[PDB]
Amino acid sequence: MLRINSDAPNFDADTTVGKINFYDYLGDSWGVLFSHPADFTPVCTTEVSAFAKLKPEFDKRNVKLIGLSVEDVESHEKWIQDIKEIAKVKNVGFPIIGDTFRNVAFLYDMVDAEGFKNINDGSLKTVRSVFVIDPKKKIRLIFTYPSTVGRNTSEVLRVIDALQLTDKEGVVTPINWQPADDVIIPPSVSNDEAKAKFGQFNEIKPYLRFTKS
């Protein structure tokens, strides 16, 4: 099964922006792949609307958004029109994948079978995962909220910031970290190595050393 640190599988799909190859779409950017069981459902509609409004926040972090929903592109196009109206956005700048037969969802381990459309029978309730993918196509973080509970855009941005920072500076982030807060030196780094790389640090315990960001 796919887990954090697994490679995000590549695929070809029909989308609201035309046919794409996932890796090609992503390029060297980070990616956020978010999933929906069906179009014209309320929580998901609010969620896509929020991502659309906030796309500039993602753009500045070199992150490309992509949505998946188990319906055809034609349906997604109509849904986007509603989303534009609701969100009061001029356009939705990212694609929504038309996964009519659940093939992509299946590839991403959200369902145990592919080849059939959305029947409103409950088999699609699990098509709700969000995958944060790095420039090397590694899945870095996953979260799955049920369609009943809307996601948190701020948290998605927070984790992206933490992940990027950790990759950039070789640090780790504590619970509830916000940017500009102090970070933690990874245990793989010796105190001497830490002095060389970070300067000063506060050793709470030998394994827990805070340093400034």
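Position 1 is the first residue in the sequence shown; the rest follow in order.
A.B. asks: Name the higher of the two by mean Cα B-factor in the PDB entry, 52 to 60 versus 152 to 160.
C.D. replies: So the stretch with the higher mean C-alpha B-factor is 52 to 60.
A.B. asks: Once you work out the mean C-alpha B-factor for both 191 to 199 and 8 to 16 from the entry, which is higher?
C.D. replies: If you average the C-alpha B-factors of 8 to 16 and of 191 to 199, the larger mean comes out for 191 to 199.
A.B. asks: Looking at 71, 121, 109, 134, which has the biggest Cα B factor in the entry?
C.D. replies: Top of the list by C-alpha B-factor: 121.
A.B. asks: If you compare 146, 37, 42, 186, which has the highest Cα B-factor in the entry?
C.D. replies: By C-alpha B-factor in the record, 186 ranks first.
A.B. asks: Going by the entry, which third of its chain does the Cα temperature factor of residue 105 land in?
C.D. replies: Within its chain, residue 105 is a middle-third residue by C-alpha B-factor, going by the deposited values.
A.B. asks: Determine, from the deposited record, the chain-internal third of the Cα B-factor for residue 171: lowest, middle or highest.
C.D. replies: Residue 171: CA B-factor falls in the middle third of its chain.
A.B. asks: Determine, from the deposited record, the chain-internal third of the Cα B-factor for residue 31: lowest, middle or highest.
C.D. replies: It belongs to the middle third of the chain when residues are ordered by C-alpha B-factor.
A.B. asks: Select lowest, middle or highest to describe the third in which the CA B-factor of residue 138 falls within its chain in this entry.
C.D. replies: Middle third, going by the recorded CA B-factors of the chain.
A.B. asks: Determine, from the deposited record, the chain-internal third of the Cα B-factor for residue 78: lowest, middle or highest.
C.D. replies: Middle third of the chain for residue 78's C-alpha B-factor.
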